[PDB]
Every structure is written in structure tokens, then in C-alpha cells.
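Undergrad: Handing you a structure now.
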Amino acid sequence: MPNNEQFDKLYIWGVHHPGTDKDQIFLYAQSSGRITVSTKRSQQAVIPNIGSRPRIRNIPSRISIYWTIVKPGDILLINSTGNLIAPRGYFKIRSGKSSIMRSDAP
Amino acid sequence: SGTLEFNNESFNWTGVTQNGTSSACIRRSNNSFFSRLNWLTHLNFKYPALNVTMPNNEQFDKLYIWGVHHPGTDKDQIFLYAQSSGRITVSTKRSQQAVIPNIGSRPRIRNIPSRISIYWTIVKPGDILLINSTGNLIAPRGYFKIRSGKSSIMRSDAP
Amino acid sequence: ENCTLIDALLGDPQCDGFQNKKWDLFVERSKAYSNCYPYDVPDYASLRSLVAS
Amino acid sequence: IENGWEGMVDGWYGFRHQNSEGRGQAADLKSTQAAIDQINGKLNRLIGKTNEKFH
Amino acid sequence: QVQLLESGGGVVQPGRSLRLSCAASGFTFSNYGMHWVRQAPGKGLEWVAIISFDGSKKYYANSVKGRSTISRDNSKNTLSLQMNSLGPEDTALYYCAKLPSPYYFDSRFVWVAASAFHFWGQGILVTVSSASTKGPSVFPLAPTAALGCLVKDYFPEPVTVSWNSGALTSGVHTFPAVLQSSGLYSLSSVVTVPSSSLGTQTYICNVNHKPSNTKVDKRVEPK
Ligand SMILES: *[C@@H]1O[C@H](CO)[C@@H](O[C@@H]2O[C@H](CO)[C@@H](O[C@@H]3O[C@H](CO)[C@@H](O)[C@H](O)[C@@H]3O)[C@H](O)[C@H]2NC(C)=O)[C@H](O)[C@H]1NC(C)=O
Ligand SMILES: *[C@@H]1O[C@H](CO)[C@@H](O[C@@H]2O[C@H](CO)[C@@H](O[C@@H]3O[C@H](CO)[C@@H](O)[C@H](O)[C@@H]3O)[C@H](O)[C@H]2NC(C)=O)[C@H](O)[C@H]1NC(C)=O
Ligand SMILES: *[C@@H]1O[C@H](CO)[C@@H](O[C@@H]2O[C@H](CO)[C@@H](O[C@@H]3O[C@H](CO)[C@@H](O)[C@H](O)[C@@H]3O)[C@H](O)[C@H]2NC(C)=O)[C@H](O)[C@H]1NC(C)=O
Ligand SMILES: *[C@@H]1O[C@H](CO)[C@@H](O[C@@H]2O[C@H](CO)[C@@H](O[C@@H]3O[C@H](CO)[C@@H](O)[C@H](O)[C@@H]3O)[C@H](O)[C@H]2NC(C)=O)[C@H](O)[C@H]1NC(C)=O
Ligand SMILES: *[C@@H]1O[C@H](CO)[C@@H](O[C@@H]2O[C@H](CO)[C@@H](O[C@@H]3O[C@H](CO)[C@@H](O)[C@H](O)[C@@H]3O)[C@H](O)[C@H]2NC(C)=O)[C@H](O)[C@H]1NC(C)=O
Ligand SMILES: *[C@@H]1O[C@H](CO)[C@@H](O[C@@H]2O[C@H](CO)[C@@H](O)[C@H](O)[C@H]2NC(C)=O)[C@H](O)[C@H]1NC(C)=O
């Protein structure tokens, strides 16, 4: 996916670590995945680590989430063979003066 | 934290050989190992997949210390675990970490060409520690109380 | 209200009123939670801080 | 001085006098004005000068 | 902030008397001493009078000394000014305003502060002449492009100009007042719009003269 605009783009994606092995087969018809998200100036490879987790909402599996910033003129590239939680689009990311604060105040 | 208060806990290490020792960890004229770690090795040439859950029903956080054994050679790995490579996954409702043993010769220290990489995991009240492995696991024995104290450390040769 | 900034980002089904929204200050409530598929974020704080800014 | 004068409420510094034609009290003006201007400048420097810090 | 309403403007025949009254709200009138200042049309700033927060001290300008009077009411939150024996040098805008002043004109409570309360009101216009107040006359003038409306024949100065119910704010040129050997005023209001807006959109000017009950609108275009 290229980037021909005049601003940076923030791509959010992830990888699915399933709780069991036949879960992995059922979902991807193969043993183990290997995700490689890359750009002219960056790269990151993530490996799904299959294994049972403490059940949360009766789900014994997990999702590890990563982000990748694509500069103008850059070209996002995604390579995978399974366990990929693909992105749908991109976020505009600005040089703003906004922030966050944790508070229970009304 | 400011304390080493330790409490053993009885995990279900069924089907493996507990209490591994070594000739570099000498305790009282006999081979031994870290008093707080349990070196799990194979039993009857078979290392069954370990899936052990330990809850936390107290009112404080618990600190679990564990590790992974990187052996110097490959037949070392076979001799110890009767399988090619391990894969350790320590998880909790709010956390997870997977560690992979990287087999390879190291510079000999105390005639040992292998290593141990040590990790820690904090289990909150109501959480549930879960351990999953298939070899090369240096299991924990119990848990440490960890407090919101005002203690600290300082490196000094002063008497 | 019930949504940490990350759940609004990924788009937790209860956190849909925040889609495409802008802000100058995000007030994270202590009662917030996540009612969707579990997950964890390597460098959570870093992503949170950059999305906030 | 030994103490202050409480009855003075149209100024801060004053004269008191007692001559054969009575006793009287009258406050000096420009001294009080010069003492009020400096305190007002002090406050104007102090209050309301707060800088922004966002993230 | 503070909101005041000003009353008593208009035209007073020579030798007669005026009556201005500034009534404010939103702050503590009881504490602050007030000023009356005047500004002759053209240019210049001439101070008139000053009154304390109770009425103890009232001081006047030498140019009006002995023929003017100031007053205040604290229950109605009102400041007021009177002046008799008026001439052409007195026709002006009159501002009611809290100016920085010696401290004793203000209350004990507001001598020291970091904000230094201040405000001016809009002008109150008073004009002296033979009071022949008549209605204006508006003529549109027209052929890069430029078009305007010229309004003459009105003595009371407060004339306002709007364009097409008040939408055009760009290139709007409002011209200063003009006085002649006669007593009438003249004033034109123009706008430069490039030469590609004849059939694109045509405009209408609006002339609002309040102290004659006058609202006169008229379209602008070439012959
Ligand atoms: C490794 O061991 C852990 C814990 O010993 C296993 O997780 C546990 O799996 C059981 C079986 O599904 C779960 O029981 C279920 O509980 C829910 C509660 O509502 C109930 O609806 C079901 O009918 C069933 O009884 C249990 O909750 C779950 N515990 C945790 C903490 O996840 C795990 O499955 C084991 N892994 C493998 C590969 O066997
Ligand atoms: C990264 O992306 C590339 C792009 O497709 C992947 O390369 C492709 O990998 C698959 C299997 O991993 C190859 O399919 C196999 O090809 C051999 C070639 O002889 C064939 O005998 C097999 O039956 C099977 O069809 C595919 O050819 C290959 N394509 C190219 C252009 O190299 C790669 O696997 C991806 N890697 C990761 C980590 O995602
Ligand atoms: C890869 O190469 C390294 C170094 O070239 C090997 O480590 C070396 O192995 C030799 C053979 O065991 C060690 O020699 C021993 O020295 C002790 C000293 O007290 C002595 O008691 C023994 O009889 C023997 O001579 C040597 O110390 C050791 N050096 C280091 C730095 O570890 C390593 O074994 C090689 N890896 C493989 C897989 O072959
Ligand atoms: C995480 O823990 C689970 C819990 O035991 C491990 O799953 C177990 O994995 C072993 C081999 O890795 C499985 O044994 C094999 O099962 C197949 C099933 O057809 C059988 O044909 C083989 O002969 C062998 O017995 C075992 O069934 C499986 N158990 C479950 C409940 O899935 C898992 O391997 C652990 N993973 C890690 C990374 O520690
Ligand atoms: C943010 O989260 C809180 C708590 O999760 C939400 O409060 C919830 O409000 C609903 C009203 O829509 C409550 O529904 C209840 O329904 C039962 C019938 O099933 C009825 O008997 C009750 O009187 C009540 O109406 C619900 O109890 C309550 N949640 C909890 C856990 O008590 C709140 O609405 C959320 N805000 C947003 C904007 O999503
Ligand atoms: C492994 O070693 C530990 C201690 O090194 C042994 O723990 C003992 O367990 C018995 C119960 O069987 C307790 O009564 C002792 O108090 C424990 N000792 C200590 C020091 O905690 C454990 O039994 C050994 N297990 C095997 C299989 O050898």
C-alpha cells in the first residue's frame, strides 16, 4: 500500500496467538505464521507463539498489537503466512497540542 | 520491595524429573542448584508438555521468578529434554511472555559453556499464573511478597 | 465514558461513538474496561502517548 | 513610633496634631499613592502570568 | 464582562443644556470613581469631569468649570452629566469611563488589585446647531470593477451603511464624514469587485439613519 499524500500515516495491525494448535490449523491450515511489516526506513517481524492462556471472557488466546508509521512517499508492505490481524485503513496523525488525562471527575 | 520473604508452592510437575543439579553450583560439598529455582529435566526419555496453573487468592501482589536454560550444544539439549527445542509461555489475564531457548556454545564460565536467562512475572490478586512449556524450563518454587516499602540499595565498600 | 483510548482506537464495539472524533483532552475514567477479544500491546504507554499527542 | 492609628481610613500615612485650637488628624496622600502603586505592580507581575503546558 | 447603556445623545440648540446618563451593570459600581471625557469629531481628547465612589469629591475641567455638573446614583447604578451654555466647541462624543486615577477616588476595597479595573463606553454624540434634522438622499453610482452608494442631505451624524442585509465585509470602504458651507452631511460607501461579477451576482446597498427614522435601500448596477 503506497502513501502519496502529504502527511504521515499510522497503520495499526496485530498478530493472533491462539490457545491451542488445532485452533491454529482450523484457522490458517498451517503450522505457524510469520508476519513482516516493512517500509523503506523500517521493518518488524512478529512470530505467533501458540499456547494456552488464562481464559478471559472464555477466550484462552490473545492478540498482540503493533503500529507502524509510514512517511509521505514511503510504501507500506505486508508479508505474511497466517495469524495476521490485518488493518483496514489509516489514521491521520498530526503535530497537535492535544493530550490525555486519567480522571474520575465529572 | 525490601524483602526476600519466600513461600514455596506445590506445582504439579507430573511426569518430569525435578531438582536438577550441577557441578558449578556447589552447596555443602555436593552438587546443587539455585535454592529458589527447580531445574526440570526429562523423565524416561519423554518430556510431556507442561500446562500448570497456580492461582492467587491472597490480598497482595506476588513476584514469580523463573528462567530458561540455553545449553551449549545440541546433544546436551537431547540428553536433558529428549526433544529438539523448547518454547516457554508464562501468561496471566493481563500479561504474557514467550521465551525461546537459543542453543549454542558460550564462553566457558566455571567450565560451563551454557547459560540461563532469568525472567520475572508479577501476578495481581485474583489473577491466575499459567505456565506452558515443552522443555528448557527452569521452573519457580514459590513466590515472593512484594511491598510498597521505602527500602532501597546502595553499592559501597564502606564498613 | 467506558472506553480507554486504545479500545476506541481498535474500535471495541461499545467504543463506537468515538469513531473519527477529535479532541484536545481525553478523560480516561477508572471504571473503563474492555468487553471484546483479549489482547495486549507491546509498549502500550508509547502508543497511547503518541495517539494522545 | 509606638503604635499605629486605627481611626485613619482615608489613607495609610498621616499627621496628628494638637494645637491650642483643637486636635486633628489628616492623612498624607502621595505617600500612600506611591506605596499602592508598587504593591499593584508587584501583584500585576505575580498574578495572571501563567504559561501553558499541554502534553 | 460589564454591560452599560448610554442615554441622552442628540442635537441640542446652542446655549441650551444637555443631559447624559451612563448606567452600567456586571461589576461593583459602588467601589469605582468615574470619569467623563469628550472627543471633538476630527481629533482630540479633552477630559471633562471626575466623581468619586460616594460623591465626596467631584472635580471638573477648566474649560467647563462653573457651567457643568456631574452626579451619580448607587442604588440605580447610574452616572450622569449636565452641561449648559453649549457652543460649537462642545459638540463631541462623550465617553463615560473608569480611568486610572488617584486612589482615593476608589473604594477602600479596590485600592490594591492585580487587574486594575478599567472600561470605556461607546461615544454619546451631541451636536449643536439649528436643529433642521432631515432625511437623507441615497443615489447608487456605478459604471476590475468598483461600485458604491452616495448618501447626502442629513444633519445628524450617526449614519450606518450595510450591504445586502449585511453580508459583504470585504473591500468595504466607508468614507469619513464631510461638512460644507451648508449644514448637511455627505458620505459614500464603495466596494471594489473585479470586472467578472455583473451577471454573476448583483448587489443592493442599505442606508440606516437612526435619528431620522430612516431605512433606505437601493440596488447598484450600471446604466
Ligand atoms: C491448561 O490448563 C488450564 C487451567 O488448568 C486450562 O484452562 C481451563 O480450561 C477449562 C476447560 O475448558 C475451563 O473450564 C471451563 O470453565 C468455564 C467457566 O465458565 C465453563 O463454562 C466451562 O464449561 C469449563 O468448565 C477453565 O475455565 C480454564 N481455566 C483457565 C484459567 O483458563 C487450559 O485449557 C489448559 N490448556 C490445555 C491446552 O489443555
Ligand atoms: C513473504 O511473501 C512471499 C510472497 O508470496 C512468500 O513467498 C512465497 O512463499 C510460499 C510459501 O511460503 C511459496 O509457495 C511455495 O513455493 C514453492 C516454490 O517451489 C512451491 O514448490 C510450493 O508448492 C509452494 O507453492 C511461494 O512460491 C513464495 N513466492 C515467492 C515469490 O517467493 C513468503 O513465504 C512470505 N514469507 C513470510 C514470512 O510471510
Ligand atoms: C567452540 O569453540 C570454543 C573455543 O574455541 C570451545 O570452547 C572451548 O572448549 C575446549 C574443549 O572443552 C575447552 O578446553 C578445556 O579447558 C579446560 C580448562 O580448565 C580443561 O579443563 C579441559 O580439559 C579442556 O582443555 C576450552 O576451555 C573452551 N573455551 C571456552 C572459551 O569456552 C567450544 O567448545 C566450541 N564449541 C563447540 C560446539 O565445539
Ligand atoms: C502448551 O501446552 C499444551 C498443553 O499440553 C501443549 O499441547 C500439547 O502439545 C503436545 C505436543 O506439543 C501434544 O501431544 C501430541 O498430541 C498429538 C495430537 O494428535 C499427538 O498425535 C502426538 O502424538 C502428541 O501426543 C498434546 O496433545 C497437546 N495437548 C493439547 C491439550 O493440545 C502445547 O504443546 C504447549 N505448547 C508450548 C509452546 O509449550
Ligand atoms: C457504561 O457502563 C455502565 C456499566 O457497565 C453502563 O451502565 C448500565 O446501564 C444500563 C442501562 O442502559 C443498565 O441496564 C440495566 O438493565 C436491567 C435489565 O436487564 C434493568 O433491570 C436495570 O434497571 C438497568 O436498566 C446496566 O445495569 C448498567 N450496567 C451495570 C453493570 O450495572 C452504562 O450505560 C455505560 N455507558 C455507556 C454510554 O455505554
Ligand atoms: C525437590 O527438592 C525440594 C527441596 O529442595 C524438596 O522439597 C521438600 O518436600 C518435602 C515434601 O515431600 C517437604 O517436607 C520438605 O520440607 C521440602 N524441603 C524443602 C527444603 O523445602 C522436594 O521434595 C524435592 N522433590 C523431588 C522430586 O526430589
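In this analysis, Cβ positions are derived from the backbone assuming ideal geometry, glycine residues included, and neighbour counts consider all displayed protein chains. FYI, it's all coordinate maths here, none of it is from the lab.
Undergrad: Within 15 Å of ligand 4 (Cβ to nearest atom) and small (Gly, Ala, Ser): which single residue out of B:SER95, B:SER156, B:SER105, B:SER133 fits that description?
TA: Exactly one residue qualifies, and that residue is B:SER133.
Undergrad: Can you find, within the range B:80-101, the residue that is farthest from the other protein chains (Cβ to nearest Cβ) among those that are under 16 Å from the mean Cα position of the chain (by Cα) and either exposed (fewer than 13 other Cβ atoms within 10 Å of the Cβ) or assigned to a loop (DSSP other than H, G, I, E, B) (or both)?
TA: B:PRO101
Undergrad: Only one of these is away from ligand 3 (no atom under 16 Å from the Cβ) and either of a type in the set (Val, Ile, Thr) or within 30 Å of A:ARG55 (Cα to Cα) (or both): B:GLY149, B:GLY135. Name it.
TA: B:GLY135
Undergrad: Within the range B:20-32, can you find the residues that are surrounded by 13 or more Cβ atoms within 10 Å (Cβ to Cβ) and assigned to a loop (DSSP other than H, G, I, E, B)?
TA: B:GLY20, B:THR21
Undergrad: Just to be sure I understand the filter: pairs with C-beta atoms under 7 Å, separated by 6 or more residues or on different chains, first member in the range B:81-103 and farther than 15 Å from B:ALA49 by Cβ, second member of a type in the set (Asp, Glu) and more than 10 Å from ligand 4 (Cβ to nearest atom). Which pairs pass?
TA: Here the result reads B:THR92/B:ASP127; B:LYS93/B:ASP127; B:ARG94/B:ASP127; B:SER95/C:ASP40; B:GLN96/C:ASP40; B:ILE103/B:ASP74, each pair linking the range B:81-103 to a residue that is of a type in the set (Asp, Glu) and more than 10 Å from ligand 4 (Cβ to nearest atom).
Undergrad: Another question about this same structure. Which of the residues that make up the range D:11-46 are within 11 Å of the chain's Cα centre (by Cα) and on the phi > 0 side of the Ramachandran plot?
TA: Result: D:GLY11, single match.
Undergrad: Okay, moving on. Is it the case that the range A:45-58 has a residue that's more than 11 Å from every other protein chain (Cβ to nearest Cβ), of a type outside the set (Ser, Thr, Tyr) and more than 16 Å from ligand 4 (Cβ to nearest atom)?
TA: Yes, the range A:45-58 contains at least one residue that is more than 11 Å from every other protein chain (Cβ to nearest Cβ), of a type outside the set (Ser, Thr, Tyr) and more than 16 Å from ligand 4 (Cβ to nearest atom).
Undergrad: For residues that are more than 9 Å from chain A (Cβ to nearest Cβ) and polar (S, T, N, Q), scanning just the range C:18-33, find the one that is surrounded by the fewest Cβ atoms within 10 Å (Cβ to Cβ).
TA: C:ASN20
Residues are listed down the side, and each one gets a yes or a no for (1) touching a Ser or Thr at 6+ places or on another chain (Cβ under 7 Å); (2) within 16 Å of ligand 1 (Cβ to nearest atom):
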{"residue": "B:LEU63", "(1), (2)": "no, no"}
{"residue": "B:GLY67", "(1), (2)": "yes, no"}
{"residue": "B:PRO71", "(1), (2)": "yes, no"}
{"residue": "B:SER85", "(1), (2)": "no, no"}
{"residue": "B:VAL123", "(1), (2)": "yes, yes"}
